[PDB]
Amino acid sequence: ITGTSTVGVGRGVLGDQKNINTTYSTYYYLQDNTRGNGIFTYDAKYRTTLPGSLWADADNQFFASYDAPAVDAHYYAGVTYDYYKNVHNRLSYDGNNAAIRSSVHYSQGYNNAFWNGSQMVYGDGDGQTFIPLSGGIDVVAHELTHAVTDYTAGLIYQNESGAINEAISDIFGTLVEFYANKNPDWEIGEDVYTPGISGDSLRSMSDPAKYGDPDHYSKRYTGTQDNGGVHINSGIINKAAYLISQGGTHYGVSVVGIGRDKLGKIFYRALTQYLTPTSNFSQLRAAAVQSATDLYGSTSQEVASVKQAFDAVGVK
Ligand SMILES: [Ca+2]
Ligand SMILES: [Ca+2]
Ligand SMILES: [Ca+2]
Ligand SMILES: [Ca+2]
Ligand SMILES: [Zn+2]
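Just so you know, we're using PDB author numbering here: the sequence shown kicks off at 1 and counts up by one.
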């Protein structure tokens, strides 16, 4: 809508207070005009009809419990935009400042979030397995990163290319969490998963096997569930990313860590320059090795750690 840019305040899902960019025109709307062609957050109103209604508020304060998921979807979309802009010089997911749109209160008791080809969508969870999913910065950045992937490499959501697609979303979700310094870790979804139970998460990058995901290629899932294991086999790549950044010894192979910034630059380059829609794990290794060579030279430590890390997870 057309109006005056202003700043509202509200409380997110975890009860923290934050300022959000709004637009005023009779009502205050969750429309942030400060970022690209805008960030827009919608109320799906417990239905499945998308996007629903652009979020309107009478007084520019967002402290109702019903408001909380909209506050975080709006705020964390902004943070994720800032990460791609400031760190990788990328303007929104398409590179040309496309409007970022999210809907919250999707369906009833819905324990997931997704990118639907055009926008992000967040369920409220059922209160036991999940609380509203936009509460996790790593979840929000995970979903938006699918948009970045679709516009760059175009990784198919199937089999190994699909597991690469998922891993890229976990990797950048985690790097965004670190960038925002929101109690960061190498776990996925810990902030919104099983509110009754502390210390768990949906997936682990530092140790995938903790929740039964493979941490080595010899352990890959080869069946048909989960589109050929796109959320399961991503563990193999997630462990590799973790090793490249943090270092460690895994199945007897030692890896010297090169840090998160370099992990990010290497994988952003592989994604936007060398990956293709049908890329498999072996090609991801080649892409990532070629990216580190481009950036740091063929005899650098950075190329060596990338090779070490893929060796460690059995990807040749
Ligand atoms: Ca209000
Ligand atoms: Ca965290
Ligand atoms: Ca996390
Ligand atoms: Ca939990
Ligand atoms: Zn995903």
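Note that CB positions come from ideal geometry on N, CA and C, so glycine has one too.
Specify the secondary structure class of residue i as computed by DSSP and reduced to three states.
| i | result |
| --- | --- |
| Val7 | strand |
| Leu175 | helix |
| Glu190 | coil |
| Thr222 | coil |
| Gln119 | coil |
| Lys18 | strand |
| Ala73 | helix |
| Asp207 | coil |
| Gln301 | helix |
Which residue comes first and which comes last in the beta strand (DSSP E) that contains residue i?
| i | result |
| --- | --- |
| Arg101 | 100–106 |
| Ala113 | 113–115 |
| residue 334 | No answer is possible for residue 334: it lies beyond the span of the chain, which begins at 1 and ends at 316. |
| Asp43 | 39–43 |
| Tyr27 | 27–29 |
| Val255 | 253–255 |
Would you kindly check if the distance between the Cβ of residue j and the Cβ of residue i is under 7 Å?
| i | j | result |
| --- | --- | --- |
| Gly135 | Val13 | yes |
| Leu175 | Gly264 | yes |
| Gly228 | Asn183 | no |
| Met205 | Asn238 | yes |
| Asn97 | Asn21 | no |
| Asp215 | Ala209 | yes |
| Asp124 | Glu177 | no |
| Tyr274 | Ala287 | yes |
| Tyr46 | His105 | yes |
| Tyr179 | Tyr83 | yes |
| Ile100 | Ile39 | yes |
| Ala292 | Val303 | yes |
| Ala44 | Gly52 | yes |
At a threshold of 6 Å, does residue i count as lining ligand 1 (C-beta to nearest heavy atom)?
| i | result |
| --- | --- |
| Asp16 | no |
| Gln61 | yes |
| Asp57 | yes |
Where do the ends of the alpha helix (DSSP H) carrying residue i lie?
| i | result |
| --- | --- |
| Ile236 | 234–246 |
| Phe267 | 260–269 |
| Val148 | 137–151 |
Is residue i near ligand 5, judged by its Cβ being under 6 Å from some heavy atom?
| i | result |
| --- | --- |
| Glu160 | no |
| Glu177 | no |
| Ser204 | no |
| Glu166 | yes |
| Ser234 | no |
Between residue i and ligand 2, is the CB less than 6 Å from at least one heavy atom?
| i | result |
| --- | --- |
| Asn238 | no |
| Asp185 | yes |
Please indicate yes or no: does the CB of residue i lie closer than 6 Å to some heavy atom of ligand 4?
| i | result |
| --- | --- |
| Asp200 | yes |
| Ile197 | yes |
| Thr194 | yes |
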